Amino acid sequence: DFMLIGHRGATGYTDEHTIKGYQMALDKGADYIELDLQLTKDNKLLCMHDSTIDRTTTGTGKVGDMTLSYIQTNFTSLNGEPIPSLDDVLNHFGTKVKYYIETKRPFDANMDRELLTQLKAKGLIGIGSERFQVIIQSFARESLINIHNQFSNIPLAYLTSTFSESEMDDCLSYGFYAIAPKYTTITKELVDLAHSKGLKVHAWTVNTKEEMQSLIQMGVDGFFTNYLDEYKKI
């Protein structure tokens, strides 16, 4: 009935994209932990929002210019926690948690291939998997079509900064499960139209109890939040 998504883990309470933060999101009632990924020089997936490590770590530079070993041996998150790889996260939580994973815009065939390889190896997608164990989101229509061609049962969320029938009609055309619009674009009229077309609506990024109350009234099916404790105050 409602999908509460821990945006980069529990970002409002601790550093983003750390295993401690992912666990804190689960402890504070998150249905899904949200992962952002970057490719290392040696083609491994790192949990990291930005293309560079400068904002959130004790290191500098593009993730693509360093090996996974170089990053994990030399640098930490600003709070001292390790910088986890996708493999670190999947090995730690396994099938006990649900993952909401973003692929790169513009479309990167290498990122998508490495992601599906690791998910398939853990049995989190393909034969034997639960449909809603993994949702994949992207701003890149091309990335979501690429995944839908290979694993048709993975629910896909189309990230958008604009909310109109054109985006909804593309969801219908390409077999996307959800539209995921910037919350400032959302109206009850647009949510009710999306629902009439069989789409789910996941709003981002919703940090105040007043915003949460407003979007639940408009009928959204889920939201991404940095402040999971505020959902309990509604």
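Quick note: we count residues from 1 along the sequence shown, nothing fancier.
Taking the PDB entry as given, 161-169 carries the higher mean Cα B factor of the two stretches 161-169 and 25-33.
Higher average CA B factor: 102-110, of the stretches 102-110 and 133-141.
Going by the entry's values, 197 shows the largest Cα B-factor out of 49, 55, 62, 197.
Note on 78, 154, 83, 127: the highest value goes to 127, judged by CA B factor as recorded. When the CA B factors of the chain's modelled residues are split into thirds, the value for residue 14 lands in the middle one.
Residue 67: CA B factor lies in the middle third for its chain, per the PDB record.
Per the deposited record, the Cα B-factor of residue 38 falls in the lowest third when ranked against the other modelled residues of its chain. Among all modelled residues in its chain, residue 234 ranks in the highest third by Cα B-factor.
Per the PDB record, residue ranking by Cα B-factor puts residue 209 in the highest third of the chain.
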